[PDB]
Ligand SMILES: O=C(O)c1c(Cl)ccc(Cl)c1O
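One chain is shown next in structure tokens, namely the form deposited without this ligand.
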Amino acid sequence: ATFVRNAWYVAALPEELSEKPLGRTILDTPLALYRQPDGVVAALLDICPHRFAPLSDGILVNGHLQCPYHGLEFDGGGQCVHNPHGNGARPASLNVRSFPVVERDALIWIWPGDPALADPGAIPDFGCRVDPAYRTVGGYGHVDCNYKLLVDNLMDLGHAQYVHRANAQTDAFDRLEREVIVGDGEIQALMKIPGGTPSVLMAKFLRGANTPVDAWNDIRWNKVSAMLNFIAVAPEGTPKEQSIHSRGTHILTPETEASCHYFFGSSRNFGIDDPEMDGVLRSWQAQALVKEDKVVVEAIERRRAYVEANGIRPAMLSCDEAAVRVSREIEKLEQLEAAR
């Protein structure tokens, strides 16, 4: 598998983690992820340097992760801090690899490449997730596809018109206005849907109001595979910036070449103290993201062998510009990294 290792990836949502380790593989690298007694998250290679047992099946002893096999103890920097055996000697050979972690924007970011190069300034901005003006709900999904298929999915949100038609179909789809803005390490795909009846989802945002609206569904990509969308709806002619909206976290992290982790969320500026609106967004996430999109991209992954064996290449449509530009940027990053 080719992955871009010198980049930050979301490995977990903070609420997934505790003093009980979580074993999760990112970029074909098995990790043991836990929150220490002092609250700091650690990420260790989930392979004990002694005989390769899963540290993730161990427990904390004195805030130190104890290997379940012969009881070596490790701190969050991977240092072996206790060896129960013989003279108890702890040479550097017993230290386990530790991965840089930044807990930011209610995300656990990990750097899986050269730890010397881990630069917190490179972490994409998802500040809305911790902004008290936004209400955020979301979760985790596992998907049996190459993460690039879900990047493709997200970078053409037009797919919602079909894949999510029961919730997302608009009668103004024929009048979509698209632009693509290309920045440095960042690409935006903008979509405005002018003058339509609100979709079923947008009508729920508005609490049933069914008169004509403008809607937007923009998305921002940052390398490698972190996206933030803007789903918004307002009375015709009222500015974007004044709209009720959800900024959607859509972040992918490769697991294996043919599987990935999907971290999703909605950060909304409306109905902030409304458990029933929470439910609308959670049920949307459960149906759209973890069911419908999964089913499409997992089917596409199953067709990979045929496509490759037969030299089949995708045929592009007018809606693909942003997805293609992103795909080419990822490929470029992949090749740059394969040189190092």
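Numbering starts at 1 and follows the sequence shown.
Below, we turn to the form solved in complex with this ligand, even though it does not appear here.
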Practice problem: Report the residue, out of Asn229, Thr136, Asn222, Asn146, that has at least one non-hydrogen atom within 4.5 angstroms of this ligand in the entry with it bound. | Solution: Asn229
Self-check item: Position in contact with this ligand when the complex is considered in the entry with it bound, options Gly78, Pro254, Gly248, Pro124, heavy atoms within 4.5 Å
Solution: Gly248
Quiz item: Counting only heavy atoms and a 4.5 Å cutoff, which of 229-237, 175-183, 125-133, 104-112 contacts this ligand in the entry with it bound?
Solution: 229-237
Quiz item: Are any of the heavy atoms in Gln285 no more than 4.5 Å from a heavy atom of this ligand in the entry with it bound?
Solution: yes
